[PDB]
DNA sequence: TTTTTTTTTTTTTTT
Ligand SMILES: Cc1cn([C@H]2C[C@H](O)[C@@H](COP(=O)(O)OP(=O)(O)OP(=O)(O)O)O2)c(=O)[nH]c1=O
Ligand SMILES: Cc1cn([C@H]2C[C@H](O)[C@@H](COP(=O)(O)OP(=O)(O)OP(=O)(O)O)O2)c(=O)[nH]c1=O
Ligand SMILES: Cc1cn([C@H]2C[C@H](O)[C@@H](COP(=O)(O)OP(=O)(O)OP(=O)(O)O)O2)c(=O)[nH]c1=O
Ligand SMILES: Cc1cn([C@H]2C[C@H](O)[C@@H](COP(=O)(O)OP(=O)(O)OP(=O)(O)O)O2)c(=O)[nH]c1=O
Ligand SMILES: Cc1cn([C@H]2C[C@H](O)[C@@H](COP(=O)(O)OP(=O)(O)OP(=O)(O)O)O2)c(=O)[nH]c1=O
Ligand SMILES: [Mg+2]
Ligand SMILES: [Mg+2]
Ligand SMILES: [Mg+2]
Ligand SMILES: [Mg+2]
Ligand SMILES: [Mg+2]
């Protein structure tokens, strides 16, 4: 029902000291113009194909799970449960686990696998999802029934597969689920084809209207983060982060540069100056 | 019946061109020269890109109409909850940014300045909010107009009430909602601000890069530019704060075009008039 | 039966052949379509803000005072007091509603009632104050009042393609049966490529919202195009799109608007 | 049974094979589809205002003065008086319902009336299938023209099957007019867009159950709005289709004449 | 449809080494291995493309070259027109279109008996019993039906036709019409026909056995240069573009070029 | 579906305790690490530059030399033609290039020696010809117990964007959670400007025709470039365009085409 | 408890 503005004296008070930003890792130019992430705050993450969307969000989920105490729930749909679990273990132990059979055969026999397991999953902070209406119900049981603080979804086009009406209704339902709940919602979508010139995977600067499916994805999201790297140029591991849209602050543009470490799998804050 | 002879209609005209008319905008001077304010029974539709000041400019207008003029103003803001839009108005009235600083929130918690800034604004029943199927939204707007008596009702983000209901074709539901909304506005005679988005251009620049928005760029139907009485478009190029105003269609006068310029003050949050 | 041979028709042809209602502004209309005729349906087409109701209000004024014909307006787009004030101001050469320094001036000067019965003195103008009910009210205007012209401002909000085909067939049947000059206004569709109509794109007969039978059952189509965000948003172009009683179509004339008064008055503009 | 061998058929073929009704204006029609024949269904289709009924009224005139066949008109679009006044003005070479001085100058009205109604040729029309069966059995009509099919998918397919069955039963030349569909991309038909056989409202039976289709295309908002292009879209007897010729209108007279 | 590697033990040797044949652009029966009994052969194209011309040419070439008893069902016209057309097609002279020659040749019985002297053809001016009589009491090995557009009610009819053909074993040709294209060109200006373009229901391509189609740019540069497409063939599987025919307006025979 | 990370104590241990490598070119092996359960490998080239040659060659080398069940579903040609291609390529002859060779093999009984050397171990399966296809491939994977499944010529299998998007989504969701290497053969779209693909244009990642889902659901993307008009028309260039597992893309290596046995060999071309 | 025509609006690609 409707509300009267004198009954909001006791609740705006309670909202005033409750809101709290959750900082990003890997680049400090993101945190200075976003002030983190709050309860009821849909964050769209995008790049070209294979430019590093799942690795970045997996690093963010790792840093919010073992360093800040936040209970993080994932719904990675590109991959299975054990694949992303082994990638989390190999990333928290600063190596490249699944891309080497020698290390996987080594760490299973000397008994240090339980040492690398219980340093993460001992506190029970991470949660995973096993693969339109049942998805949001299981996210609601993930939030209220368990108690997670950040909920991550990946590769939104599985849910829609008329696409524009369904993706608009889906984006509306995810924004309405994020609001009145108190959970950061990280959403990943891809970019359509470039019309002329070069491509987004060759380093073409991403604009805001390339979020494929509708134009309703940039109109129900709060913070839109875009990554881009030129795999054909001179430095194929130099990503650029661009804030396309920020509703809470209004500061957008080039955040900063990062460098990816092929031996550890961590992308780390670079000192690159254009 | 309902067929009116134009001879037995004298007294109504004697009580129509006597009294209303007025209720000017704020932030830019050249807007009020063209549209001559907002009137009862009209529909004013404000459009921009994404995150481009179509809620900040309307909150900055709803402050000036509900405080400095005594008009009871209702806000169906459906993008955010009631706790944030009632808290950004306190900062805008006191010329700060209360949500964008955790230092000032703790400062007004400690010394008790929050009660001063709360009873300065919400002391008189002027701002009427709502927290959250299109046959209940207009029911709540009728309960606001008939029961509480708002003089300016602002419906923000009309795209959330066309997509939260199960309908096959989107254009017919937009047209039916728009004509029922104009009927409610003309029946009750309340000023009605509607906020909606724009669609993707086919090629060239985008709306967030300096694209001059035309009247055909309204997203959803063609019933948006045919059933509204005043259309205001706000345009910027992220000088990422200089927002200019275009009047697209005024039914009352004939003046449409480049109204003027506004600027956004980063520490306070106001739309000051500019000069260029 | 209902068959009639062509030999036994000497009388009814003799009483049928034993120019029409002229227009106002841009003198190449009644040069081209030769005015309106009893039992037609006329479509007035433009984009939003281009002056459709502004154009037809003037014709309702010139057909209700200088010609004496009983006129019935049906403005579903507005109310009765606003169109009554606009008629009073349009006949008195003063833009009435758009100036508040004169609205209270003429009501204490006493010349409001001098301006009222000067044009509303006869029983000429009849207004409609808000589908089958609409047809019954148009029939009550035709039978119970004897209207010579009936104007309808907005066809679209009658609709709660088939419901528009049935509507246009029923209105054409009413116009052919009673012989009343019926003017109906409609809007244009959203084009897929290029400019809108409001930036001065010329209108084709395809651009009609709802269906395509709006052009198949009317007898003439008058389109008005004006460059709204341009160097002059007052000069309009009038294009006659269809004429079944003469045949000639194309660009007829031009009407400047003369912002001080409000009369669409013709101009010279070659190319 | 109804089975008939091909050998017991020598009689009924011998009486059968021992051109038809020509057209006036655009002489590459009867050069191409060899004119009209009995039992058929003919479609003359174009856009609104392109000049369909002017063409078919000229053909109704020329099939009742030089030929003498009983012509039954069915103009559900307008009145029975206007369609006769146009025939009188078209025969008398001076346009009638547009010069208002001549309408009271002629009132030699009966001299113009009886000169073209001195026979019992024409029959106008003021359920519709029963009226056409009456016009065919009790009146001997050789040509029947129908201008308005629209107010008369499934209920259009049934109507077209019933009209084809009536034409097959009676052997009457039958002209039917319907309109074009609304094109969703590109120009309108009225600025010179050539008509495809898809461009027909209602359903697809209008091209499946007829026997020939004639289309007129003219650039209406152009420099020459009085020059129709005539296009044959279908002909079961010949197969010869395409662009036929060009007719000028001659506003002064009203006669579609070739050039 | 999943074939193991052992099941081609002799069949590749079968690659290392028919029925009724078709006329014109001889890669038809080179691709579908000719017509066979028990089949339901569909010839579907646009209006004016020449379905009746094609199937009438095949009805002539299956009654003079083979001598098999042929039954026609030309419900699109009458029994005299479809006989005059066969006589004119056999005698290399376009008959019903030339006004002078129709009264010049009336040698009429000489042209009649040379092609109708046997008991080959069986024409037609309830329908299931008529088809069963034309099979059983008349010995017809080929039955042709030209108009099904006037005869759930199409699915029942097609199941009943297919059960009749299964019970008998007769070559059966049925012609229906295409659907209206929703976007692009029409079938008559050179748009290639897909298998989905069939009216009524979807069982027309699921209870048939082979489908032939024709494409020609009718309002075009050369409207007499057709292209033939095979859309389905349960025996072979070889589908696609078959060949080219010109019409030869003076004669009426679809001759290959 | 709601999974706590505490019950993964023994499942992850089961997952740790495998790449299937590419033959004929070690340059593909240097930057792909083979193929694991759920590794969709998209293969493409120009207009006739040898897609099915290379994919059938890898199917031949994975079956008769490594003991993996390979299921082909070649839809360019039928079952007998791809069986003739398998046997004539494994026996290193040009089978369909001369009629004199097809006659010699059947007169001396040495054809029956060539069925036993390949098809006797049941390490190959074929397919005889979209929602009717996945239920067959699921029984091919689960019921037979195969490991590699190949699909060819996607253009006949598939608004041609929603179809190929749903197809690619269904194939990726089938390859996941089942454990198959699903090789998918696609095409390239036609070049607008510059040089053509028959002349040696460097291929781009956005030339996968039909949608953009062909590079956004793949795990590995391999393309082939051959200049059939240039200096060496028998020289192909293998280019990795996408890798999810490693991320190392570019010119993998070179292979040389042969007009004597039909094969293509590893090359040593320098630039 | 199935199949064909008409029409206005948002996206992704095609020779
Ligand atoms: C960020 C980054 C990743 N990589 C490598 C390591 C990652 O495992 C691999 C990409 O893995 P992902 O990030 O998981 O792939 P993606 O989500 O960007 O694309 P898609 O879902 O469409 O397949 O690329 C680099 O080589 N350089 C880089 O800078
Ligand atoms: C007008 C303007 C706003 N801003 C800031 C003010 C606000 O904090 C923020 C705009 O937030 P909102 O007003 O909420 O954004 P919006 O209504 O225009 O669109 P949407 O709801 O689809 O996102 O940007 C600028 O930085 N520069 C400007 O010129
Ligand atoms: C014709 C014309 C109108 N006008 C202005 C004066 C009128 O007060 C104002 C109103 O135009 P309207 O006549 O009301 O325009 P419309 O009815 O076609 O649009 P809609 O009903 O969809 O809203 O237009 C001009 O300024 N110049 C002109 O040339
Ligand atoms: C063919 C032609 C017609 N005309 C005009 C003159 C005639 O008065 C007019 C005839 O109008 P109609 O032919 O009666 O219009 P219509 O029948 O196509 O439309 P509807 O669907 O409503 O029945 O066409 C020309 O001016 N030049 C021409 O070349
Ligand atoms: C195939 C072909 C036919 N024709 C002509 C010869 C025929 O007399 C004319 C008609 O062909 P028909 O075969 O008679 O057409 P149809 O009976 O199948 O039509 P529908 O069922 O759709 O009503 O087409 C050509 O001119 N060129 C050609 O290539
Ligand atoms: Mg990914
Ligand atoms: Mg907003
Ligand atoms: Mg109006
Ligand atoms: Mg007509
Ligand atoms: Mg036929």
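Protein chains in written order, with the deposited numbering: chain B, 264 to 281, 284 to 396, 402 to 431, 437 to 549; chain C, 263 to 281, 284 to 396, 401 to 506, 510 to 547; chain D, 263 to 280, 285 to 396, 402 to 431, 439 to 549; chain E, 263 to 280, 285 to 373, 377 to 395, 404 to 429, 439 to 545; chain F, 264 to 280, 285 to 373, 377 to 395, 404 to 429, 440 to 545; chain A, 264 to 280, 285 to 396, 402 to 430, 437 to 549. Don't be surprised by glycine CBs; every beta carbon is placed ideally from N, CA and C.
So who's on the other strand from residue i, going by DSSP bridges?
i, result
"residue 441 of chain C", "In DSSP, residue 441 of chain C forms no bridge with anything."
"residue 504 of chain A", "A/514"
"residue 534 of chain B", "B/513, B/543"
"residue 267 of chain A", "B/392"
"residue 423 of chain E", "E/340, E/462"
Should residue i be labelled buried (16 or more other beta-carbon atoms within 10 Å of its own) or exposed?
i, result
"residue 439 of chain B", "exposed"
"residue 402 of chain D", "exposed"
"residue 472 of chain A", "exposed"
"residue 390 of chain C", "buried"
"residue 510 of chain E", "exposed"
"residue 532 of chain E", "exposed"
"residue 333 of chain E", "exposed"
"residue 505 of chain B", "buried"
"residue 367 of chain B", "exposed"
"residue 547 of chain D", "exposed"
"residue 355 of chain C", "buried"
"residue 429 of chain F", "exposed"
Thinking residue i and residue j are a contact (beta carbons under 8 Å), I'd like their distance in whole angstroms, please.
i, j, result
"residue 517 of chain F", "residue 501 of chain F", "5 Å"
Contact the region 325 to 345 of chain C vs the region 524 to 534 of chain C: 3+ CB pairs below 8 Å:
No contact exists between the region 325 to 345 of chain C and the region 524 to 534 of chain C.
Stretch-stretch touch, CB-based, cutoff 8 Å, three pairs: the region 305 to 317 of chain D with the region 474 to 493 of chain D
At 8 Å Cβ cutoff, the stretches touch.
Against chain E: residues of the region 488 to 510 of chain F by CB proximity under 9 Å:
The region 488 to 510 of chain F vs chain E, Cβ under 9 Å: 506, 507, 508.
Mind checking the region 463 to 481 of chain F against chain E and listing, in chain order, the residues whose C-beta falls within less than 7 Å of any C-beta there?
From the region 463 to 481 of chain F, only 465, 468, 469, 474, 476, 477 have a Cβ closer than 7 Å to chain E.
Using a Cβ-Cβ cutoff of 8 Å, what residues of the region 302 to 332 of chain E are near chain F? List them in chain order.
Considering only beta carbons, no part of the region 302 to 332 of chain E lies closer than 8 Å to chain F.
At a cut of 8 Å, does the region 454 to 462 of chain A reach the region 411 to 427 of chain A through at least three beta carbon pairs?
Verdict: yes, contact present.
So if I threshold CB-CB distances at 8 Å, which residues from the region 407 to 418 of chain B count as touching chain A?
Within the region 407 to 418 of chain B, 408, 411, 412, 415, 416 place their CB atoms closer than 8 Å to a CB of chain A, listed in sequence order.
Is the region 349 to 365 of chain F touching the region 288 to 297 of chain A in the sense that three or more CB pairs, one from each, lie closer than 8 Å?
The region 288 to 297 of chain A makes no contact with the region 349 to 365 of chain F: fewer than 3 CB pairs, one atom from each, lie closer than 8 Å.
Three-pair Cβ contact test at 8 Å for the region 443 to 457 of chain F versus the region 484 to 494 of chain F
Output reads yes: the region 484 to 494 of chain F touches the region 443 to 457 of chain F.
Touching by the beta-carbon criterion (3+ pairs, under 8 Å), the region 267 to 274 of chain C and the region 371 to 387 of chain D
Flag = yes, the region 267 to 274 of chain C and the region 371 to 387 of chain D touch.
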